[PDB]
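Just so it is clear, none of the values below were taken in a lab; they were calculated from the coordinates. Here the Cβ positions follow ideal geometry from the backbone for every residue, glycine too, while neighbour counts run over all protein chains shown.
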Amino acid sequence: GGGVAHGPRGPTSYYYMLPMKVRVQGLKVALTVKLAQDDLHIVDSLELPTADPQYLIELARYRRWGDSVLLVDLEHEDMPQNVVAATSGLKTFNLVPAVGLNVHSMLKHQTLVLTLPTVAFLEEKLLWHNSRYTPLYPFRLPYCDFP
Amino acid sequence: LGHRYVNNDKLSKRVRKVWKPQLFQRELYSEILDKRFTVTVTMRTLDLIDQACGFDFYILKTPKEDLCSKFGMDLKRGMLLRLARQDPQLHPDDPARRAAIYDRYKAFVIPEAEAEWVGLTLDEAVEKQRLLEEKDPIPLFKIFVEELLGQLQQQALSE
Amino acid sequence: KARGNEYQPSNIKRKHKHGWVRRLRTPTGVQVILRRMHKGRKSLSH
Amino acid sequence: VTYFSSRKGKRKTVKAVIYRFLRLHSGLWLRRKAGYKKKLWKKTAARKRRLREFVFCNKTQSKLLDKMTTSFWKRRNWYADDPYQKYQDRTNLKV
Amino acid sequence: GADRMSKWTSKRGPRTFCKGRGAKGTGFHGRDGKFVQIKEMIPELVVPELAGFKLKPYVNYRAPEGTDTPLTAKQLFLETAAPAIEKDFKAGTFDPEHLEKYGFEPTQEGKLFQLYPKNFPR
Amino acid sequence: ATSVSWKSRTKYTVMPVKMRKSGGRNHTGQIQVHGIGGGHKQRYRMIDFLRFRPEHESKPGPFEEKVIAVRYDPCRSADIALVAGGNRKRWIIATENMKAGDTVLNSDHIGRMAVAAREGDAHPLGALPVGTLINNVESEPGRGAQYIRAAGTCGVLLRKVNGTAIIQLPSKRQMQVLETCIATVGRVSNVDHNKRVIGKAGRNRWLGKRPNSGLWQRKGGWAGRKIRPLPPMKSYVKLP
RNA sequence: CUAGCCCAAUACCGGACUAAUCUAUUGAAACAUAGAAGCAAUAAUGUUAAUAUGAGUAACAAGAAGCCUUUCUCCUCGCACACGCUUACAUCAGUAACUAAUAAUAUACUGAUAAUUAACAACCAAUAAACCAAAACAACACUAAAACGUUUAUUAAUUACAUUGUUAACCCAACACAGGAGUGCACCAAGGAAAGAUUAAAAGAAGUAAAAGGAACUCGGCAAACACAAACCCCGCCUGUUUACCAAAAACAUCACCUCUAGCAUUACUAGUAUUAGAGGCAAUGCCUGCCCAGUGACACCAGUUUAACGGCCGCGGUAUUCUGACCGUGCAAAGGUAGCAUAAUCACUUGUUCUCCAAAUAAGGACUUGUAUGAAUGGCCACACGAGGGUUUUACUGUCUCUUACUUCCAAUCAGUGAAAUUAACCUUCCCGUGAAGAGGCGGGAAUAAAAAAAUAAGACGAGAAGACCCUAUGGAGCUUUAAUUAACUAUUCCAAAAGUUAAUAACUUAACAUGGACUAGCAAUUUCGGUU
RNA sequence: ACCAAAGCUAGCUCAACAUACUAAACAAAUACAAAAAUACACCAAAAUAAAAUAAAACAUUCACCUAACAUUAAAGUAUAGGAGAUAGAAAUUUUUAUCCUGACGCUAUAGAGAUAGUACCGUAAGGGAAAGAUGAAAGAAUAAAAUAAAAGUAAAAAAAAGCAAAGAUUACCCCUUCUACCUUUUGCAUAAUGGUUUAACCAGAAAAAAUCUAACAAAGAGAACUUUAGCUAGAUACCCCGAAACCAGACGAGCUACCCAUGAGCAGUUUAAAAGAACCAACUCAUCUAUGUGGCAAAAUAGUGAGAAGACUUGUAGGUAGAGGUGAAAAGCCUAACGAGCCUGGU
Ligand SMILES: Nc1nc2c(ncn2[C@@H]2O[C@H](COP(=O)(O)O)[C@@H](O)[C@H]2O)c(=O)[nH]1
Ligand SMILES: *C(=O)[C@H](CCSC)NC=O
Ligand SMILES: [Mg+2]
Ligand SMILES: [Mg+2]
Ligand SMILES: [Mg+2]
Ligand SMILES: [Mg+2]
Ligand SMILES: [Mg+2]
Ligand SMILES: [Mg+2]
Ligand SMILES: [Mg+2]
Ligand SMILES: [Mg+2]
Ligand SMILES: [Mg+2]
Ligand SMILES: [Mg+2]
Ligand SMILES: [Mg+2]
Ligand SMILES: [Mg+2]
Ligand SMILES: [Mg+2]
Ligand SMILES: [Mg+2]
Ligand SMILES: [Mg+2]
Ligand SMILES: [Mg+2]
Ligand SMILES: [Mg+2]
Ligand SMILES: [Mg+2]
Ligand SMILES: [Mg+2]
Ligand SMILES: [Mg+2]
Ligand SMILES: [Mg+2]
Ligand SMILES: [Mg+2]
Ligand SMILES: [Mg+2]
Ligand SMILES: [Mg+2]
Ligand SMILES: [Mg+2]
Ligand SMILES: [Mg+2]
Ligand SMILES: [Mg+2]
Ligand SMILES: [Mg+2]
Ligand SMILES: [Mg+2]
Ligand SMILES: [Mg+2]
Ligand SMILES: [Mg+2]
Ligand SMILES: [Mg+2]
Ligand SMILES: [Mg+2]
Ligand SMILES: [Mg+2]
Ligand SMILES: [Mg+2]
Ligand SMILES: [Mg+2]
Ligand SMILES: [Mg+2]
Ligand SMILES: [Mg+2]
Ligand SMILES: [Mg+2]
Ligand SMILES: [Mg+2]
Ligand SMILES: [Mg+2]
Ligand SMILES: [Mg+2]
Ligand SMILES: [Mg+2]
Ligand SMILES: [Mg+2]
Ligand SMILES: [Mg+2]
Ligand SMILES: [Mg+2]
Ligand SMILES: [Mg+2]
Ligand SMILES: [Mg+2]
Ligand SMILES: [Mg+2]
Ligand SMILES: [Mg+2]
Ligand SMILES: [Mg+2]
Ligand SMILES: [Mg+2]
Ligand SMILES: [Mg+2]
Ligand SMILES: [Mg+2]
Ligand SMILES: [Mg+2]
Ligand SMILES: [Mg+2]
Ligand SMILES: [Mg+2]
Ligand SMILES: [Mg+2]
Ligand SMILES: [Mg+2]
Ligand SMILES: [Mg+2]
Ligand SMILES: [Mg+2]
Ligand SMILES: [Mg+2]
Ligand SMILES: [Mg+2]
Ligand SMILES: [Mg+2]
Ligand SMILES: [Mg+2]
Ligand SMILES: [Mg+2]
Ligand SMILES: [Mg+2]
Ligand SMILES: [Mg+2]
Ligand SMILES: [Mg+2]
Ligand SMILES: [Mg+2]
Ligand SMILES: [Mg+2]
Ligand SMILES: [Mg+2]
Ligand SMILES: [Mg+2]
Ligand SMILES: [Mg+2]
Ligand SMILES: [Mg+2]
Ligand SMILES: [Mg+2]
Ligand SMILES: [Mg+2]
Ligand SMILES: [Mg+2]
Ligand SMILES: [Mg+2]
Ligand SMILES: [Mg+2]
Ligand SMILES: [Mg+2]
Ligand SMILES: [Mg+2]
Ligand SMILES: [Mg+2]
Ligand SMILES: [Mg+2]
Ligand SMILES: [Mg+2]
Ligand SMILES: [Mg+2]
Ligand SMILES: [Mg+2]
Ligand SMILES: [Mg+2]
Ligand SMILES: [Mg+2]
Ligand SMILES: [Mg+2]
Ligand SMILES: [Mg+2]
Ligand SMILES: [Mg+2]
Ligand SMILES: [Mg+2]
Ligand SMILES: [Mg+2]
Ligand SMILES: [Mg+2]
Ligand SMILES: [Mg+2]
Ligand SMILES: [Mg+2]
Ligand SMILES: [Mg+2]
Ligand SMILES: [Mg+2]
Ligand SMILES: [Mg+2]
Ligand SMILES: [Mg+2]
Ligand SMILES: [Mg+2]
Ligand SMILES: [Mg+2]
Ligand SMILES: [Mg+2]
Ligand SMILES: [Mg+2]
Ligand SMILES: [Mg+2]
Ligand SMILES: [Mg+2]
Ligand SMILES: [Mg+2]
Ligand SMILES: [Mg+2]
Ligand SMILES: [Mg+2]
Ligand SMILES: [Mg+2]
Ligand SMILES: [Mg+2]
Ligand SMILES: [Mg+2]
Ligand SMILES: [Mg+2]
Ligand SMILES: [Mg+2]
Ligand SMILES: [Mg+2]
Ligand SMILES: [Mg+2]
Ligand SMILES: [Mg+2]
């Protein structure tokens with residue numbers, strides 16, 4: 001009934017931050033491979049005729065998108081209620097806003113769906129780090145050309 | 001209570017040392033309370049008294065943190081209550097002397113609502129508040145009679 | 001000579017040395033009772 | 001050496017080495033010769049000059065001093081009128 | 001060693017340890033060492049007359065029960081004093097200073113069986 | 001636990017009272033004096049050391065008492081004597097030749113003529129001749145005879161100057177006191193007390209003397225015949 | 001040579017794979033790529049649990065017959081109370097198994113039901129006064145001076161029956177333990193059973209008896225004995241106390257004799273007062289205790305005094321023919337070891353020399369005696385009585401021995417029941433010589449060699465037991481002592497300051513009880529240490 | 001074939017939030033010797049932390065060490081230190097409200113000690129366990145199915161010779177060859193240590209400088225810094241058990257050492273004697289021998305001894321407590337181990 005020699009000791013936090021440019025390049029590589037492997041589809045306005053999830057199921061089966069679909073919208077409050085109710089009842093069809101795009105989800109879902117404003121937003125957000133300075137103070141603070 | 005270095009050298013032995021004050025049994029007379037207290041006071045106490053130009057002056061001027069004495073706080077509370085009440089028991093045969101004594105201590109006049117809570121500890125204050133709030137439970141007969149009288153007055157006025 | 005029988009029972013000595021009153025009459029015995037209560041002993045004293 | 005402090009959990013440095021040594025930015029450590037102030041009437045002028053001259057440390061002693069000092073003493077210092085600013089760097093080192 | 005979990009009764013001690021078993025005292029010690037028992041300290045069982053009492057330990061099984069209405073102070077007041085005080089106020093002779101006529105008791109120390117000190121066992 | 005003393009008796013009585021011995025133990029319970037304990041059961045006979053003590057304050061003059069019996073006392077080395085005068089009896093320390101059926105005088109009057117000193121008589125030092133043997137002398141008037149009491153021991157009056165008497169104690173030391181201090185004349189009873197021979201180691205245990213420790217201790221500088229001069233005269237008069 | 005996957009390894013170092021889990025994605029007859037770790041046990045006298053060896057071995061028990069609880073054969077710790085344990089007590093029923101160290105059955109296990117009834121015991125007045133005069137058959141006394149009581153006056157609710165302890169075969173020792181247990185009665189009128197059943201090996205324990213001798217045994221007459229006596233020394237006067245659990249003494253204490261320290265009051269000493277009380281030394285008594293204050297202590301705060309205070313009491317050379325030295329010369333000391341005893345319990349030489357004791361003695365006793373290291377209250381010499389103290393003689397006595405023997409009981413062996421321990425790497429576990437980490441069952445060279453039980457002996461397994469207690473090491477401890485190094489607190493001195501004051505026209509002087517700050521001298525003491533090569 | 005083996009649950013652990021924090025029960029009795037209705041009082045107390053350790057010793061020093069100011073930097077900087085080991089700020093800066101909380105934590109030698117602070121062990125403080133497994137239904141036990149897999153035995157004792165095996169062989173041995181394994185050593189078969197065996201637990205941990213990989217590059221980093229190819233991120237690294245001891249606070253004088261109260265015993269014989277006299281019982285000690293030595297016994301039995309009216313034995317109750325007590329000094333005894341008790345904490 002004795003103690004443990006080494007064992008696990010307390011809550012251990014496995015926390016580290018990859019460089020911001022490394023994370024941005026990872027996002028770029030994820031988008032590039034999703035496009036090059038015929039697994040990225042650009043849509044317009046993410047509009048749906050009905051809120052039937054079986055409609056999206058049959059549409060993906062007809063278009064041969066695959067088993068898993070990740071639809072990325074521009075904003076959260078600007079999502080149409082049709083697609084919201086159609087994705088709230090599905091598991092393999094996941095609806096995420098633009099700020100919720102990630103390498104893990106892009107690799108988990110076989111097919112990526114991007115709207116035109118989402119594509120423009122992603123391009124504008126990702127191309128900014130190619131010709132930017134090192135942050136004198138955090139970018140949340142007022143800069144000359146940055147919000 | 002502390003430590004010290006014998007021979008005043010750091011590299012020498014460290015020794016526990018208790019420095020104690022020189023106590024003296026002196027008799028101090030108060031003008032407001034009119035009584036001579038045989039108290040154990042120190043030369044610093046006598047010096048503070050001479051600096052304040054009076055025993056009552058010293059008591060009324062030095063606060064609790066500078067007195068550090070429950071008896072001193074009790075003396076202050078007593079003389080403050082006497083000054084706030086204008087006690088005729090100071091000099092029942094010398095009203096002029098009583099008034100002359102009460103005038104020279106006018107700068108420390110505190111109202112009665114606060115003059116009886118200065119020299120009290122937390123336990124004493126809780127005990128005083130309990131004695132003040134100690135009320136016997138009124139019988140429910142009185143409450144029911146008052147309710148019935150209210151209902152009867154309402155039925156009498158609603159006609 | 002022969003050892004082991006060092007305990008000669010007597011209720012007077014028992015209750016006078018390890019009794020409830022003996023424990024409560026001293027501040028150290030009160031601490032003993034408090035420690036036994038914190039551990040949760042079924043019997044705090046004799 | 002305190003590898004993990006108790007207050008901040010950081011690595012501390014020994015003050016004796018910073019009191020009797022000087023680190024150039026190129027990794028070299030500068031020191032004084034031991035005994036350059038003891039019994040100067042008993043020593044020859046050549047020996048006294050040898051004692052007064054500064055000297056460098058070898059690789060083992062340099063690594064020891066680097067282990068005993070923190071990273072604050074291995075920084076680039078731009079002092080006003082620093083005599084060792086010309087020696088802070090290394091030139092023509094063909095290794 | 002001795003036992004600690006068992007109860008410390010009078011059977012487990014010397015001759016000089018004679019602890020009572022919970023009975024109440026009935027007197028004191030007299031002059032010659034004997035015990036003088038006081039007849040006022042012994043409980044007098046007040047037994048009624050059960051001759052013409054037509055009530056049994058059990059009730060009829062077909063008899064109906066009633067909804068649980070625990071008797072409260074407000075209900076007792078409404079039953080004993082509300083009609084009297086109401087009639088007195090309607091007649092106009094109500095006296096708020098004297099409430100002894102309705103059954104209120106100012107001080108319990110006068111009567112025999114007081115309520116707060118609980119002078120009676122049962 | 002802290003023990004209580006057996007000396008809780010305010011009323012003076014002639015009958016012997018029981019006393020609880022304690023072997024070197026203070027009121028705490030630890031040994032303070034070694035070699036004490038386990039003696040014979042003894043009673044205490046209360047002795048009246050203030051010899052001149054009138055019965056009533058109405059007649060504070062000198063008084064005469066009669067000796068009833070000279071008895072043995074286990075508490076002190078001397079013999080006690082019961083003396084009765086008026087309505088009370090009292091135990092005093094018997095002198096050398098005090099027998100049953102004697103008269104003892106107790107006086108506080110000092111006159112220009114010295115009085116003839118008998119044995120049982122007790123007069124102030126100012127009224128005794130210049131070469132009188134005394135015992136049970138006092139330090140202050142009315143304090144009580146703390147000084148010489150042991151069996152056979154007696155002091156001697158040396159001189160009286162400026163209303164102050166000088167005595168010499170059995171320790172050959174001079175003691176100056178007021179002349180109004182009462183003192184009993186003669187030697188204390190049991191003059192052969194020093195010549196007694198403890199026959200065996202058991203008589204010491206009977207007396208209540210535990211054996212000495214067996215630890216061998218090397219003598220220090222304290223040992224050796226220290227021929228010290230006689231200390232100065234101990235004076236008890238308060239000179240203003 | 002033919003094929004290859006193509007050259008040994010301890011400490012440390014480098015690399016490639018990889019078992020089993022969890023997670024993210026695959027997979028879905030149990031896997032892959034990645035990320036994580038409580039990530040792998042032939043070894044710590046490792047922890048827990050279970051199993052074996054020793055081993056069915058050591059050890060343990062119930063007197064006989066009978067008509068079945070009635071008679072015989074034996075030994076005698078029984079009854080009650082106090083203290084303690086709490087129902088283990090009583091009746092009925094059951095025991096395959098659990099408790100009895102085994103059965104029979106049962107006061108000791110199981111279940112149900114009942115029980116110990118107060119007169120005995122516990123709880124069961126204060127306040128003042130009269131009271132000195134022991135218990136011991138108490139007549140009367142001794143010393144060690146001794147517990148135990150009435151009367152008088154004032155108040156003590158007043159009225160049946162209060163409450164509590166009442167069993168036992170029992171308590172403390174891990175146990176149904178050959179142990180430890182207070183008191184009053186008797187020695188049986190009350191308690192019990194040494195043998196489970198056989199045989200009569202060895203060895204072991206207990207007893208009885210023994211020819212002739214009678215200590216010849218042995219360190220010693222230990223033990224035993226049909227004896228149970230008389231003497232001589234050493235050490236302690238004696239009775240007594242001590243290392244519970246290896247030492248009972250010559251150790252300690254002790255009466256006696258000596259030193260120091262104290263002139264005094266409400267908790268020790270002491271309700272005492274120098275014929276007293278403490279701190280000590282040495283040991284009754286008898287004869288004595290010689291010299292020394294140079295050093296260190298203690299009084300004296302410096303001189304000076306103290307050794308029944310700590311302790312010390314001398315060299316070198318010649319001398320009365322040939323041996324010694326009464327004597328002398330010279331030197332140092334504070335005095336230079338006196339009396340006494342002496343080969344001793346007394347450094348070695350020593351088994352000194354001599355006489356008695358024996359046939360023989362390093363034993364014992366008496367003498368001689370520088371013991372150049374005896375010696376006088378850290379006491380020296382004798383003596384009575386005493387001592388489970390240590391030695392030596394004389395008879396008596398005997399199995400101690402010459403030299404063992406016989407028979408009983410417990411053991412032992414067999415049968416039946418129950419059933420441990422240290423120990424154990426695995427053994428299918430010979431002898432000789434040699435070799436070898438220097439003493440071999442395991443190696444080498446030879447001999448021997450069907451396999452298993454049972455009973456004996458202890459030569460070896462460098463046998464078991466206890467991480468050698470001897471020795472050394474450790475920049476490991478602890479106890480003790482100080483002339484070790486740093487110095488506290490506290491207790492006794494002294495001084496200065498503070499405080500209280502007093503005198504005189506800025507000065508001098510005193511401190512009852514406390515009591516603050518800083519110094520001084522001592523007790524009691526605190527922390528730490530004991531260089532290395534050999 | 002026995003012994004046995006396997007379940008998945010009881011529950012625990014770490015955090016977040018949080019009302020704001022000594023749960024429920026409290027009829028009577030409970031600090032008389034706790035659970036005992038009931039009489040003229042006394043009640044309360046404080047005075048620094050120490051040491052084990054590091055400085056390879058140890059004397060000044062030795063972070064945390066049961067006292068709030070948290071976070072990002074300044075910064076391990078100024079400073080403090082036998083200026084050694086080590087200790088260590090501040091001025092000045094940063095910190096956006098709520099839900100989104102569960103688990104790359106364990107599954108009965110694990111996770112809390114816990115079925116429980118209970119049995120049990122100690123006088124006491126205190127220490128402190130192990131133990132559960134069928135099924136929808138056992139109101140389905142002439143009860144049904146899966147493993148019959150550890151060590152230990154039975155079925156089934158053995159036949160010259162040998163670290164027990166290997167080369168083999170028609171063939172189990174017979175033939176030939178090899179001095180068990182770890183640890184420690186110059187060197188072990190060594191007769192140097194450790195282990196009967198089985199099962200389950202049981203022992204390497206940190207990123208300063210460096211190497212590899214990658215991002216960006218005279219600039220790097222999501223704020224504070226580093227930069228004469230550098231800056232950022234990731235991966236590569238440093239065990240387990242064991243003293244005598246030291247300090248602090250509790251608990252211990254029911255054994256024993258000594259005292260204080262209160263009681264009790266000593267019969268017979270010789271003696272003008274109760275004479276610390278003599279013989280010898282009860283009683284108290286323990287001289288010598290023999291058994292016993294895991295025994296009846298962690299100190300006993302038998303024989304034999306000493307005292308036995310005393311400085312005697314002994315019952316009950318109380319006191320003296322560890323830097324201490326007590327001691328007719330044995331450095332004895334203080335609850336079976338005392339050159340200084342035991343328990344807890346430092347650990
Ligand atoms: N110092 C040192 N020890 C060695 C060396 N070689 C072997 N040893 C030591 O020798 C022992 C093993 O012996 P080996 O296996 O080399 O015969 C080990 O103690 C090992 O450390 C060496 O080269 N140097
Ligand atoms: C001497 O040889 C030794 C005696 C030690 S007893 C102090 N014997 C065994 O080690
Ligand atoms: Mg655990
Ligand atoms: Mg025990
Ligand atoms: Mg118990
Ligand atoms: Mg009782
Ligand atoms: Mg009883
Ligand atoms: Mg009655
Ligand atoms: Mg006396
Ligand atoms: Mg006398
Ligand atoms: Mg003496
Ligand atoms: Mg002595
Ligand atoms: Mg080759
Ligand atoms: Mg190799
Ligand atoms: Mg993997
Ligand atoms: Mg592991
Ligand atoms: Mg294993
Ligand atoms: Mg062993
Ligand atoms: Mg073993
Ligand atoms: Mg193991
Ligand atoms: Mg067997
Ligand atoms: Mg058998
Ligand atoms: Mg055998
Ligand atoms: Mg047998
Ligand atoms: Mg019991
Ligand atoms: Mg049985
Ligand atoms: Mg039964
Ligand atoms: Mg009975
Ligand atoms: Mg037989
Ligand atoms: Mg039998
Ligand atoms: Mg038999
Ligand atoms: Mg035989
Ligand atoms: Mg025989
Ligand atoms: Mg015989
Ligand atoms: Mg014969
Ligand atoms: Mg012989
Ligand atoms: Mg011979
Ligand atoms: Mg004999
Ligand atoms: Mg004989
Ligand atoms: Mg004889
Ligand atoms: Mg003797
Ligand atoms: Mg004699
Ligand atoms: Mg003794
Ligand atoms: Mg012994
Ligand atoms: Mg003894
Ligand atoms: Mg012995
Ligand atoms: Mg003896
Ligand atoms: Mg002696
Ligand atoms: Mg003499
Ligand atoms: Mg002696
Ligand atoms: Mg003598
Ligand atoms: Mg002399
Ligand atoms: Mg001198
Ligand atoms: Mg001198
Ligand atoms: Mg002679
Ligand atoms: Mg000799
Ligand atoms: Mg002989
Ligand atoms: Mg000599
Ligand atoms: Mg001598
Ligand atoms: Mg001497
Ligand atoms: Mg003899
Ligand atoms: Mg004797
Ligand atoms: Mg003897
Ligand atoms: Mg024969
Ligand atoms: Mg064989
Ligand atoms: Mg070899
Ligand atoms: Mg070897
Ligand atoms: Mg050989
Ligand atoms: Mg061979
Ligand atoms: Mg061979
Ligand atoms: Mg041959
Ligand atoms: Mg053998
Ligand atoms: Mg044998
Ligand atoms: Mg062998
Ligand atoms: Mg051997
Ligand atoms: Mg051995
Ligand atoms: Mg060893
Ligand atoms: Mg040894
Ligand atoms: Mg030794
Ligand atoms: Mg070393
Ligand atoms: Mg140490
Ligand atoms: Mg010194
Ligand atoms: Mg220290
Ligand atoms: Mg020491
Ligand atoms: Mg040394
Ligand atoms: Mg050495
Ligand atoms: Mg040598
Ligand atoms: Mg150290
Ligand atoms: Mg170290
Ligand atoms: Mg050391
Ligand atoms: Mg050390
Ligand atoms: Mg510390
Ligand atoms: Mg300095
Ligand atoms: Mg150093
Ligand atoms: Mg568990
Ligand atoms: Mg557990
Ligand atoms: Mg098997
Ligand atoms: Mg073979
Ligand atoms: Mg070797
Ligand atoms: Mg060998
Ligand atoms: Mg071996
Ligand atoms: Mg070894
Ligand atoms: Mg090993
Ligand atoms: Mg072994
Ligand atoms: Mg780094
Ligand atoms: Mg220390
Ligand atoms: Mg006792
Ligand atoms: Mg007799
Ligand atoms: Mg006798
Ligand atoms: Mg015996
Ligand atoms: Mg015999
Ligand atoms: Mg006998
Ligand atoms: Mg005898
Ligand atoms: Mg005798
Ligand atoms: Mg006690
Ligand atoms: Mg110490
Ligand atoms: Mg001591
Ligand atoms: Mg000694
Ligand atoms: Mg010794
Ligand atoms: Mg112990």
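Overview of results
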{"read-out": "Qualifying residue in the stretch C:23-39 (condition: under 17 Å from residue E:14 (Cβ atoms) and either assigned to a loop (DSSP other than H, G, I, E, B) or within 12 Å of chain E (Cβ to nearest Cβ) (or both))", "value": "no"}
{"read-out": "Subset of the stretch E:2-50 (residues that are in contact with a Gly (Cβ under 7 Å, 6 or more places away or on another chain) and aliphatic (A, V, I, L, M))", "value": "E:36, E:38, E:41"}
{"read-out": "Condition check for residue E:7: within 14 Å of another protein chain (Cβ to nearest Cβ), without any contact (Cβ under 8 Å) to a residue 60 or more places away in the chain, within 14 Å of ligand 6 (Cβ to nearest atom) and within 29 Å of the chain's Cα centre (by Cα)", "value": "no"}
{"read-out": "Residue within the stretch E:13-27 that is within 11 Å of chain C (Cβ to nearest Cβ), surrounded by 10 or more Cβ atoms within 10 Å (Cβ to Cβ) and either assigned to a helix (DSSP H, G or I) or within 16 Å of ligand 12 (Cβ to nearest atom) (or both) present", "value": "no"}
{"read-out": "Test: residue in the stretch C:34-42 that is more than 16 Å from ligand 4 (Cβ to nearest atom) and in contact with a helix residue (DSSP H, G or I) (Cβ under 8 Å, 6 or more places away or on another chain)", "value": "no"}
{"read-out": "Filter result (more than 20 Å from residue F:166 (Cβ to Cβ), away from ligand 12 (no atom under 16 Å from the Cβ) and either within 14 Å of chain B (Cβ to nearest Cβ) or of a type in the set (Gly, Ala, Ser) (or both)) within the stretch F:216-240", "value": "F:221, F:224"}
{"read-out": "Residues (among the basic types (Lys, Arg) and surrounded by 13 or more Cβ atoms within 10 Å (Cβ to Cβ)) located in the stretch A:16-66", "value": "A:23, A:28, A:34"}
{"read-out": "Residue that is surrounded by the fewest Cβ atoms within 10 Å (Cβ to Cβ) [pool: residues in the stretch F:90-129 that are within 13 Å of residue F:51 (Cα to Cα) and of a type in the set (A, V, I, L, M)]", "value": "F:105"}
{"read-out": "Residue selected from the stretch C:1-22 under the condition touching a residue at least 24 places away in the same chain (Cβ under 8 Å), part of a helix (DSSP H, G or I) and within 16 Å of RNA strand G (Cβ to nearest atom), by the criterion nearest to the chain's Cα centre (by Cα)", "value": "C:18"}
{"read-out": "The one condition in (1) surrounded by fewer than 18 Cβ atoms within 10 Å (Cβ to Cβ); (2) touching a helix residue (DSSP H, G or I) at 6+ places or on another chain (Cβ under 8 Å); (3) among the small types (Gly, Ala, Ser) that residue F:150 fails to fulfil", "value": "(2)"}
{"read-out": "Residue in the stretch B:105-153 that is nearest to the other protein chains (Cβ to nearest Cβ), counting only those that are polar (S, T, N, Q) and either closer than 30 Å to residue B:62 by Cα or assigned to a loop (DSSP other than H, G, I, E, B) (or both)", "value": "B:121"}
{"read-out": "Some residue of the stretch F:49-70 being touching a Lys or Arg at 6+ places or on another chain (Cβ under 9 Å) and within 16 Å of ligand 10 (Cβ to nearest atom)", "value": "yes"}
{"read-out": "Search result, residues across the stretch F:105-125 that are without any contact (Cβ under 8 Å) to a residue 60 or more places away in the chain and in a loop (DSSP other than H, G, I, E, B)", "value": "F:107, F:109, F:111, F:112, F:113, F:114, F:115, F:116"}
{"read-out": "Qualifying positions in the stretch E:78-106 - in a loop (DSSP other than H, G, I, E, B) and either of a type outside the set (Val, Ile, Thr) or within 10 Å of chain B (Cβ to nearest Cβ) (or both)", "value": "E:81, E:92, E:94, E:95, E:96, E:97, E:98, E:99, E:103, E:104, E:105, E:106"}
{"read-out": "Selection from the stretch E:28-73 of residues that are out of contact with any strand residue (DSSP E or B) (no Cβ under 7 Å at 6 or more places or on another chain), assigned to a loop (DSSP other than H, G, I, E, B) and surrounded by 10 or more Cβ atoms within 10 Å (Cβ to Cβ)", "value": "E:42, E:72"}
{"read-out": "Qualifying residue in the stretch B:75-86 (condition: touching a helix residue (DSSP H, G or I) at 6+ places or on another chain (Cβ under 7 Å), polar (S, T, N, Q), part of a loop (DSSP other than H, G, I, E, B) and loosely packed, with under 11 Cβ neighbours inside 10 Å)", "value": "no"}
{"read-out": "Complete set of residues in the stretch E:12-39 that are away from ligand 5 (no atom under 16 Å from the Cβ), of a type in the set (D, E, K, R) and closer than 19 Å to residue C:13 by Cβ", "value": "E:15, E:19"}
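Matching residues to (1) part of a helix (DSSP H, G or I); (2) exposed (fewer than 12 other Cβ atoms within 10 Å of the Cβ):
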site: D:6; (1), (2): no, yes
site: D:46; (1), (2): yes, yes
site: D:60; (1), (2): yes, yes
site: D:81; (1), (2): no, yes
site: D:88; (1), (2): no, no
site: D:94; (1), (2): no, yes
